[PDB]
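Starting off, we have a lone chain in the form deposited without the named molecule, written out as structure tokens.
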């Protein structure tokens, strides 16, 4: 009932423990589960929930044929209980649209969905389950945003949006919202060349976003934001451990303010926790496809351009599919420090498993632990052959 303030710092991460997993494609083989993608996880003061962009069909309905396409009029942002499937009967629709973000400021929740044709799209900002502000396309080519939660400090909650080419210079803006209303906005500044799909967190009154350059970097852009002063800066992560996909093999030396060359015009949403010696990077294991997934401890990855791993943890094995991944935290948990968490989207279907006509996913999520705990891998677990 008063706005949350990013007061604490992050706990030390010595390993990751399972937090939620829904087994959605298994259970969807014989239950009424909706076809999604682009999932994430966000918390309220009293419950943390799973989120995704619906495709408007169940996995076994006939209209599941064709769900590899990203934007259409039948998609919506939906949320559901932690670790249940997106069912037709248990899901809550937040807003209509084929790109989103959402965060709670302590008093209530802001949601933003985007819909439109490519050259005439528009975002409307929902605060306390009601429509308040709308924004229209500025550069007239697929206006999009984070696809994972935003972060708020005393009422102000910044959101990064890109409008323009995904294969050349684009127009990115950081908007500062409070209670649904635009306070100010700025264009992207600093050395990042291209921003797409930011995954963010905050600690000690600062917001950090690890984003995706689609144009030309296989190393990742980072935006640091100040919610009080309402300003931001951008860099690339210095470390040679490259975490975009597809990507060239790891070099010896990395790049701090320029894209690392080697693969152009493609990527994946990813994240990292950047906290000095306590820094952990997430990445696909295949350099060529979204398959496998690992967490790697690389001290001072952001600043040191020769930093190599110090400890690791396999989250998904290379023979299993992964996809998008992002950051969230439960800022309303009791304790001295923010515990860091992430989710990994596990895509099943087209394009890699071409023998069915649909695309869908399941979620796995994890949080940090100060113990050095043992590891297991967490694959989707459906057998595509049962759907034939």
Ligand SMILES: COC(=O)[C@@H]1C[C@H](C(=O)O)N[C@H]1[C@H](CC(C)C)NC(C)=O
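Positions refer to the first chain, counted from 1.
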Look over 220-228 and 127-135 in the entry and identify the one with the greater average Cα temperature factor. 220-228
Greater mean Cα temperature factor according to the PDB record, 41-49 or 348-356: 348-356
Criterion, highest CA B-factor; candidates, 182, 256, 157, 77: 256
Could you check 304, 186, 105, 244 and tell me which one carries the biggest Cα B-factor in the deposited entry? 304
Residue 33 - Cα temperature factor, lowest/middle/highest third of chain: lowest
Using the B-factors in the PDB entry, rank residue 203's C-alpha atom against the chain and give the third, lowest, middle or highest. highest
Determine, from the deposited record, the chain-internal third of the Cα B-factor for residue 379: lowest, middle or highest. highest
Name the third of the chain's ranked CA B-factors that contains residue 161, choosing lowest, middle or highest. lowest
Sorting by Cα B-factor within the chain, modelled residues only, which third would residue 194 end up in: lowest, middle or highest? highest
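Omitted here: the form deposited with the named molecule bound. The next part is about that form.
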Place the named molecule on the shown form using its pose in the bound PDB entry and a superposition of the nearby C-alphas, then give a one-word verdict, open or blocked, with blocked set at 3+ atoms within 2.4 Å of backbone or C-beta. open
Please determine whether residue 196 contacts the named molecule in the bound PDB entry, using a 4.5 Å cut-off between heavy atoms. yes
Hey, in the bound PDB entry, is residue 109 touching the named molecule, heavy atoms inside 4.5 Å? no
Since only the chain is shown here, I'm wondering whether residue 339 would be in contact with the named molecule in the bound PDB entry (any heavy atom pair within 4.5 Å). no
Answer yes if any heavy atom of residue 71 is within 4.5 Å of a heavy atom of the named molecule in the bound PDB entry; otherwise answer no. yes
Select from the listed residues 232, 255, 290, 104 the one whose heavy atoms reach within 4.5 Å of the named molecule in the bound PDB entry. 290
Quick check on this chain: which one of 82, 96, 166, 205 has a heavy atom within 4.5 Å of the named molecule in the bound PDB entry? 166
In contact with the named molecule in the bound PDB entry (heavy atoms, 4.5 Å), from 181-189, 86-94, 143-151, 126-134, is stretch 143-151
Residues within stretch 309-324 having a non-hydrogen atom within 4.5 Å of the named molecule in the bound PDB entry: 324
